[PDB]
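Have a look below at one chain only, the form deposited in one PDB entry, in structure tokens format.
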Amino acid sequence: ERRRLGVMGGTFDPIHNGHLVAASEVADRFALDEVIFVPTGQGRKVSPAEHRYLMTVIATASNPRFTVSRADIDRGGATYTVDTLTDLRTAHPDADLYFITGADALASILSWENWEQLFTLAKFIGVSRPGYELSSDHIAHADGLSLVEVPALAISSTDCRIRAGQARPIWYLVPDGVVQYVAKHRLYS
């Protein structure tokens, strides 16, 4: 039972309060002393990695326990969580990793590259998300997976992008820094 590092992977395009409240609640419920946010590397035109990274940095800046890693952005090619977990175990050799996933992402886990290997590298925490069933029953045939209720914020990055594309407000769905960053760099307009 070594020290606990949270890991939250995502496109973060943009990062929103949904992601951040999930990470925060998990950090508290599992006494994580840090959460590492990992934007993924590069139909829909995903915003450039540097913008996704910077928005995530700005969004997490104010929280004492939140940091951001360039591991996936700097690796190049397809982002796979096995590679993300490999990298972070190398960077934090004496820590136990806790990969944080929302209900919709958890439900997809069997399609992930070398998915069996995931549970040799980290423990997984599924968090609730409005409009999705939180469940471990899809991998019942496989304390490597814990399910957690977090505050229900019905926010998606898709909705945030659509609003911003329509000049409709994204205030309070995303941190004030992200509102500014999105307007200044004209990310979805």
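Sequential numbering from 1, following the sequence displayed. Take the two forms, find the largest set of C-alpha atoms that superpose within 1.5 Å, and that set is the rigid core.
Of the other compared PDB entries of this protein that include residues on both sides, at least a third leave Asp143 without atoms. For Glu50, the fraction of other compared entries lacking coordinates, among those that model flanking residues, is zero, nowhere near a third. The entry models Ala142 and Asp143 with a gap of 4 to 9 deposited residues left without coordinates. The gap between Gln42 and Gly43 holds 4 to 9 unmodelled residues of the deposited sequence. According to the PDB record, 91-99 carries the higher mean C-alpha B-factor of the two stretches 104-112 and 91-99. Higher mean CA B-factor, judged across 64-72 and 154-162 from the recorded values: 64-72.
Looking only at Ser136, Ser47, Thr56, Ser128, the residue with the top Cα B factor in the deposited structure is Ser136. Per the PDB record, residue ranking by Cα B-factor puts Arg29 in the highest third of the chain. Annotation for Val148: C-alpha temperature factor in the highest third relative to the rest of the modelled chain, per the entry. Sort the modelled residues of the chain by CA B factor and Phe124 lands in the middle third. When the modelled residues of the chain are ordered by their C-alpha B factor, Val182 lands in the lowest third.
Although it is not shown, the form deposited in another entry is what the next lines describe.
The comparison between the shown form and the other one, aligned on the rigid core, picks out a single residue among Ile73, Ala95, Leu85, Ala105 whose CA moves by 2 Å or more, and that residue is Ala105. Comparing the forms between the shown form and the other one on their rigid core, the Cα displacement of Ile162 stays under 2 Å.
After superposing the rigid core, the C-alpha of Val150 moves by 2 Å or more between the shown form and the other one. Between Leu110 and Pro93, the Cα spacing is smaller in the other entry than in the shown form, differing by no less than 3 Å.
Here's the thing about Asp83 and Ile109: their CA atoms end up at least 3 Å closer in the other entry than they are in this form.
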